[PDB]
Amino acid sequence: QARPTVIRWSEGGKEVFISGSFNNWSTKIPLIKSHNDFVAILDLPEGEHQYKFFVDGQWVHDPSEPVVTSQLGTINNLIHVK
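Quick note on numbering: PDB author numbering labels position 78 of the sequence shown as 152, and the sequence is numbered without any gaps.
What follows is the structure, given as structure tokens:
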């Protein structure tokens, strides 16, 4: 069973999307604006996923969450889902 998981982006921007390894980087999922934040709920399998944000057309990671180096040599965020 995948776990509905809240993802929050607090760094601003006009439009915010997330992509990640949970679907082999195949889609850009919008986050919904809520006051100073943007928010999504993703259905994530147990385990770990790498992810990155696409904010006003630029790939960026969340500085408030853990990061890992991908084989692309870019910094992705990492989430562990129990």
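No residue lacks a Cβ here, since even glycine has one placed at the ideal position from N, Cα and C.
Practice task
Can you give me the Cβ contacts of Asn-150 inside the same chain, cut-off strictly under 7 angstroms, excluding the 5 residues immediately before and after it?
Solution key: Residue 150 sits at position 76 when you count from the first residue of the sequence shown. Beyond the five residues adjoining it in sequence on each side, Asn-150 comes within less than 7 angstroms, by CB distance, of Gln-124, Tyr-125, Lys-126, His-135, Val-141, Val-142 and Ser-144 in the same chain, given in chain order.
Practice task
Look at the alpha carbon of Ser-84 and the alpha carbon of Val-113, and state the distance between them as a whole number of angstroms.
Solution key: Taking the sequence shown and counting its residues from 1, one reaches residue 84 at position 10. Taking the sequence shown and counting its residues from 1, one reaches residue 113 at position 39. The straight-line gap separating the alpha-carbon atoms of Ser-84 and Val-113 is approximately 9 angstroms.
Handout entry: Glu-122 beta carbon less than 9 angstroms from that of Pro-104
Key = Translated into the one-based positions of the sequence shown, residue 104 becomes position 30. Translated into the one-based positions of the sequence shown, residue 122 becomes position 48. In this structure, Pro-104 lies away from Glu-122, with their beta-carbon atoms at least 9 angstroms apart.
Problem - Proximity of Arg-82 and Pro-119 at Cβ, strictly below 9 angstroms - result: Counting from 1 along the sequence shown, the entry for residue 82 is found at position 8. Counting from 1 along the sequence shown, the entry for residue 119 is found at position 45. Contact: no.
Handout entry: Pick from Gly-86, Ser-100 and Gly-147 that is closest to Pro-137, judged by C-alpha positions
Key = Sequence index remark: in the sequence shown, residue 137 carries index 63 (1-based). Relative to the Cα of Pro-137, the nearest Cα in the group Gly-86, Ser-100 and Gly-147 belongs to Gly-86.
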